[PDB]
Amino acid sequence: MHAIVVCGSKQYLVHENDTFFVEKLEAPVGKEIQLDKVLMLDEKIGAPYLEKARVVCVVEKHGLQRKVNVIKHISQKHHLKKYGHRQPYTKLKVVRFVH
Amino acid sequence: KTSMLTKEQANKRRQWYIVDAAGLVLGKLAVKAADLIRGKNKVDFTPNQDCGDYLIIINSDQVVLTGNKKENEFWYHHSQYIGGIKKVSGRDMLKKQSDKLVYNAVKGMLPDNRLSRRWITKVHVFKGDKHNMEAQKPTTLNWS
Amino acid sequence: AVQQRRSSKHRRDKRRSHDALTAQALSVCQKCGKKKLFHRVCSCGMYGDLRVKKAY
Amino acid sequence: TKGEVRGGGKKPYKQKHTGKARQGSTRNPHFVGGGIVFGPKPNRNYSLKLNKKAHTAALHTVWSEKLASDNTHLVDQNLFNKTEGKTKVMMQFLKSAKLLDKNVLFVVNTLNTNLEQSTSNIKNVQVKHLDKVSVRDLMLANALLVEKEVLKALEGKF
Amino acid sequence: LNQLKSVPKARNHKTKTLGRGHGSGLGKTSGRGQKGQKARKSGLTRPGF
Amino acid sequence: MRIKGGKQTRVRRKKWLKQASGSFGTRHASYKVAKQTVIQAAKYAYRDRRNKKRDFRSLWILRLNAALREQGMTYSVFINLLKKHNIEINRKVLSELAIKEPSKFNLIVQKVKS
Amino acid sequence: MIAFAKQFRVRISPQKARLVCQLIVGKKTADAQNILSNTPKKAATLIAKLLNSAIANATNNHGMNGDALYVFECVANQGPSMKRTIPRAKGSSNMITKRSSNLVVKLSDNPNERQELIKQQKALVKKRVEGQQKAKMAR
RNA sequence: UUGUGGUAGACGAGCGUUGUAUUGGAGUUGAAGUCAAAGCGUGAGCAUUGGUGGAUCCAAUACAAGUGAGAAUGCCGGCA
RNA sequence: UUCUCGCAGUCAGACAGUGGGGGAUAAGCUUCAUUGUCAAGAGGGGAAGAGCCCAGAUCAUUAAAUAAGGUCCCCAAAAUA
RNA sequence: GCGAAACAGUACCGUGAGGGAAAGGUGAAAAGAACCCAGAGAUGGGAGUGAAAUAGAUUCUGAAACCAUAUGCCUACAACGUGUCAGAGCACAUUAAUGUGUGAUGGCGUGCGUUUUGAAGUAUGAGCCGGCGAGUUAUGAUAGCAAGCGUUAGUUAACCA
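From first to last, the protein sequence lines are chains q, i, y, c, k, p and r. Start counting the first sequence at 1; every next residue gets the next number (the authors' numbering). Start counting the second sequence at 3; every next residue gets the next number (the authors' numbering). Start counting the third sequence at 2; every next residue gets the next number (the authors' numbering). Start counting the fourth sequence at 54; every next residue gets the next number (the authors' numbering). Start counting the fifth sequence at 3; every next residue gets the next number (the authors' numbering). Start counting the sixth sequence at 1; every next residue gets the next number (the authors' numbering). Start counting the seventh sequence at 1; every next residue gets the next number (the authors' numbering).
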């Protein structure tokens, strides 16, 4: 029915055939992974996680979120620096999560 | 990061509700009335939507307060000029338009919002029971 | 007798929107082929009912 | 310079009661025109002291570099003669050894006018005295008509 | 080398120029004091003073 | 010697002015006001990136408690129950979406009762 | 079409001009002329003659219909102002600016030429994206 | 592992343009500037496409700077 | 933390606790001593609270645990006795 | 750049010492707008020439600000350094990007540079835009760095070719 995935420390409840974005994890683009850090597939709850149940995840793209313009300026003190933090992401979907 | 938790697509629609205050205490009724007007209990309640409901209060002349606050507490409201402070005790408002107090006291607990103006209007206080809102098919309940 | 700042563009446009003017009067001439205005003359010598002046 | 302005630098202002800068000196460095303090100065020394031993080391270095590569090759005094001012024969000789690729300089020490009168229209090639050459000239030429006489003379002269 | 390209050997060390920019760090003053005779232009301890 | 650089200055001003648009009146037309608005908007973006996750967490606290009050129970008791025994990983906003899943949050409700 | 008629800097205040200029906008070919003949303002006769010349131009050079015409647009663009001075007491002089307005009037027949400019702009952006795309291809 | 609060203050590493040097190059079958865009950049910057005008300019490396703008009740010019 | 070399900047300090001198054991007082802060460092709270408390900001984050403090509502969390 | 590219020390200021300004660019060749509609005309519009009428004597090009016009957005019950993060709704498809144009509504949010112990401050300065615009050099000393030579060692000035 769906799947809870813990990417880092961030959870995603994503249903079947939904392409969504997580933090970049150097995943292979366009390939298939048996992800284990999963929970709550379909009325299915395990105490620490979903034992003997893993999700089958395919990736579509690797990109970066738009440039976070981090600026450090102090008023009337002349401490001003600029940088761009483009946090990367992996856009992926679940296909045939196994039980 | 984000999973885009869902909201209603301007699907807000309110319902008429009935209540009578005879053995009711101002603050005790006011908290639940505010929760009803905001739709505070609802899970889809967002501060920019306020999926509340219409509230009808029948026989506001029967509300009761405890202690000596009827003769001890006082309510101030200053007009535009000096001496415009109408300062009325509870016993004064017992023999006067206490419905206005029912309005303003709850309004005082309203969110600091441009549209709290628009939801304080959702409360219709009546010292009797005659109104065309009876023909609007209202849903009666207790401790609204 | 001094202001503080310049009038903003939007405020200036709103204040000069008060200068909007209505229309003049109107009257279609009968013995004159022109089109005059109400309670006024028409340049055909006739104020209305009869010739009252020169053609100019 | 700031002391080359024209006219008395009197104030057309007052010391007070002015809503803008006083600027007692009229042609200020920030005011339009006049009032140079630093600017461009022809007083530049143009001198960076160099030592003879390091210079000789550099000359030997560049000689070793070009002797090991030797894009150019030995040329004798005989061919320097019997030639006219004509770049016709000069260019014919260059294309005979396809010498139009290198911007060759010719080192001269015998002062033969036959080759000297040439190499003056096509500016890819030119002639200069061997003792008047420089590493700037040497690496730019990429080839040099190295004289027959100078070989042992240059080796002894280092 | 060649006439078209050349690279140094740790020449042109870091310089110190004043009067230009404050985001460049340590700008117009970079050690010029504050409200002092020596804080002024051409103002510095005279060897005979 | 005079160096010709009278164009890169305007290039700089246009580069700084490009981000300024959609502002009321004369706040994306002048250069210095554009600089100041850029600074203020950058500070606002920074404070958002600082505290919006806190704001969303508090919003989930309120909404999850309201759901719990809709179920006739308090937030504190439910959080204690979840934390004390049979610890899971389900998150607050994911729990809110499970509330949006009708009778699926109630499955947890009689699950924590068990 | 456009029936553009330009005046190029008569001495008239943009504030003063624009009032009648845009008050005479929106009407048809003649219901503007007749009402303009009845207004007691300085900016009446000059713009009436300008409009008459524009109508004659449209009817002669292009030979348009002449009946479906309407006042499509009137604007008072920046006419170069003049700089002089006037004396004030205590021996002073204050700068005076003499107004003007680059006056131009445009008349349209069909209820169009508004979307046509949008189509030209879209063609421009299409040629832009095509030029970019052929750069993106041919790898 | 410390790391990154940081003015002043000390210190480092890079960027842009002008001209020289050479190596290359584009150019009326269209240089540069400008503007528009729903780009790349880590900030200095690099673009690209398109438009206007029609002839100069871009890039690789070293050198040299009247080299790097927000105020200066900054100067000039235009417009309020 | 000791030393050499070079470059510094700082002076008009302030706040609160504790010792105070003067006052009047008056200061939003002056002067010094220690502690902590700001100056030189933002943030959570108290209605805001330059120096009060909690605590020391790589960045992105619709994650968890807490500190001060809080849990009728405004604006977030409890009632049991 | 000589103030001084033009007929600039001109204009202009004062009685006089003295000062003391602004302004260059048609196009390849005028190849300069023949004829016509309106007016009084300039002019505009046609036309006509020249590849080129952003090529009209306004004449190398033609920025910013500003002024207006309307396409699509919304605003006439509303206590806001006017923005930000979410976002309805409206209209779209691109420098394909979980898009762009706009933003009902919610939350947060007292400018800048200055000297100040310390202002968001009713301290300070700013009408705005655009152009210019303020740590250099000559010689000498010293410390570091890089390089050469290097132990009767390195080194010229003045200079001469």
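Note that beta-carbon positions come from the ideal geometry of N, C-alpha and C, so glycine has one too.
- Interface annotation for the segment 3 to 27 of chain k against chain q: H24 and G25, criterion Cβ-Cβ distance under 7 Å.
- Within the segment 94 to 140 of chain i, the complete beta strand (DSSP E) runs of at least 3 residues fall at 125 to 127.
- Spatial neighbours of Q71(p) in its own chain (CB-CB distance under 7 Å, excluding positions within 5 residues in sequence) are listed in chain order as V109.
- Listed by position along chain q, the residues whose Cβ is nearer than 7 Å to that of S5(i) are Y12 and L13.
- The criterion of a C-beta distance shorter than 9 Å is satisfied by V125(i) and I39(i).
- In this structure, the alpha-carbon of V95(q) lies about 60 Å from that of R22(k).
- Around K31(q), the same chain offers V58 and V59 as residues with beta carbons nearer than 8 Å, after the five sequence neighbours per side are excluded.
- Contacts between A42(p) and chain q, judged by CB atoms closer than 7 Å, involve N69 and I71 in chain order.
- For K6(r) against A43(r), the beta-carbon gap comes to about 16 Å, at or over 8 Å, which does not count as contact.
- Close partners of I4(q) in chain p (Cβ separation under 9 Å): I89, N90, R91 and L94.
- Membership of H108(c) in the alpha helix (DSSP H) is indicated by the continuous run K105 to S122.
- Shown here for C7(q): same chain residues with a beta carbon closer than 6 Å to its own, the five before and five after excluded, namely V22 and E23 in chain order.
- Residues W60, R63, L64 and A67 of the same chain have their beta carbon placed closer than 8 Å to that of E96(p), with the five preceding and five following residues left out of the count.
- With the criterion set as a beta carbon lying under 8 Å from some beta carbon of chain p, the members of the segment 42 to 63 of chain q are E43, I45, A47, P48 and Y49, in sequence order.
- Residue pairing by DSSP leaves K84(p) without any beta bridge partner.
- If the five residues before and after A41(k) are omitted, its C-beta is found closer than 6 Å to the C-beta atoms of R34 and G35, all from its own chain and listed in chain order.
- Taking 9 Å as the cut-off, the beta carbon of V160(c) is found closer than this to the beta carbon of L198(c).
- Beta bridge pairing from DSSP links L23(r) with no other residue.
- Within chain p, the C-beta atoms nearer than 9 Å to that of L39(q) come from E88, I89 and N90, in chain order.
- For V66(i), the closest C-alpha among the options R93(i), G85(i) and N43(i) is that of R93(i).
- Residue state for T37(p) is assigned as helix, using DSSP reduced to three classes.
- Annotation for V33(i): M111 place their beta carbon closer than 8 Å to its own, counting only its chain and skipping 5 residues before and after.
- Residue-level contact check: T8(i) touches chain p, since one or more beta carbons of chain p fall below 9 Å from its beta carbon.
- Boundaries of the alpha helix (DSSP H) harbouring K126(r): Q115 to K136, taken from the DSSP string.
- Look at the segment 54 to 78 of chain p: the residues with a C-beta under 7 Å from a C-beta of chain i are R63, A66, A67, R69 and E70.
- In the displayed model, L204(c) falls within a helix according to three-state DSSP.
- For the 9 Å CB-CB criterion, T125(c) and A206(c) do not form a contact.
- Distances from the alpha-carbon of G79(r) to those of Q33(r), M1(r) and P14(r) put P14(r) closest.
- For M73(p), the secondary structure class from DSSP, reduced to helix, strand or coil, is coil.
- In summary, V9(k) is exposed, with fewer than 16 beta-carbon neighbours lying within 10 Å of its beta-carbon over all protein chains present.
- Per DSSP, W145(i) lies in no alpha helix (DSSP H) and is assigned neither H nor E.
- Taking a beta-carbon distance threshold of 9 Å, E16(q) does not count as an interface residue toward chain i.
- In the structure shown, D20(y) adopts helical secondary structure according to DSSP, grouped into three states.
- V53(y) sits in coil when the DSSP states are folded into three classes, being neither helix nor strand.
- In the DSSP assignment, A76(r) is bridged to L103(r).
- Contact between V21(i) and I59(i) holds, since their C-beta atoms are separated by about 5 Å, short of 8 Å.
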